[PDB]
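The structure appears right after this line, and notes come after that.
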Amino acid sequence: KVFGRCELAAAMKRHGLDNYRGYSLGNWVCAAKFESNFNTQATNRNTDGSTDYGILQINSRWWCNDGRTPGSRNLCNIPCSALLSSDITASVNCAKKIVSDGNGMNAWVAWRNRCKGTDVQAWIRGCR
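Going letter by letter, the sequence shown gives residues 1 to 128 in the authors' numbering.
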């Protein structure tokens, strides 16, 4: 599923992301924009052999199992395919674990590079 901007904002708000760990709803939408382009089925293979899955490009080395990443932790205890469903529940539940690892949203390389410090307010523009 390719989410609309406001569509993911309401989907992320409902699931508990708005100001989760002090990260305004804008930061998550912004992250999901530069990670997956609001596409839930986004899959990106990293250089280390692992793969990023879903709306928030969650890595398969630490957070989910794709069976093709030796040393896979599966800390969210889910198959990486579950991070590609139209329902972003799995992705949010795990993102809450990722953003609580200590480094916060810095875990998302796109967020730190394209969102952090920026006017993330603008991502929930006109969003009802």
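Just so you know, even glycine gets a beta-carbon here, dropped at the ideal spot from N, CA and C.
{"Item": "Can you tell me whether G49 is buried or exposed, with buried defined as 16 or more other CB within 10 angstroms of its CB?", "Value": "exposed"}
{"Item": "Alpha carbon to alpha carbon, what distance is there between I88 and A9?", "Value": "11 Å"}
{"Item": "Suppose you measure from the CA of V92 to the CA of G71; what does that come to, to the nearest Å?", "Value": "23 Å"}
{"Item": "What residue range does the beta strand (DSSP E) around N44 cover?", "Value": "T43 to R45"}
{"Item": "Roughly how many angstroms lie between the CA atoms of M105 and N65, to the nearest whole one?", "Value": "21 Å"}
{"Item": "Just reading off the alpha helix (DSSP H) that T89 is part of, what are its end residues?", "Value": "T89 to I98"}
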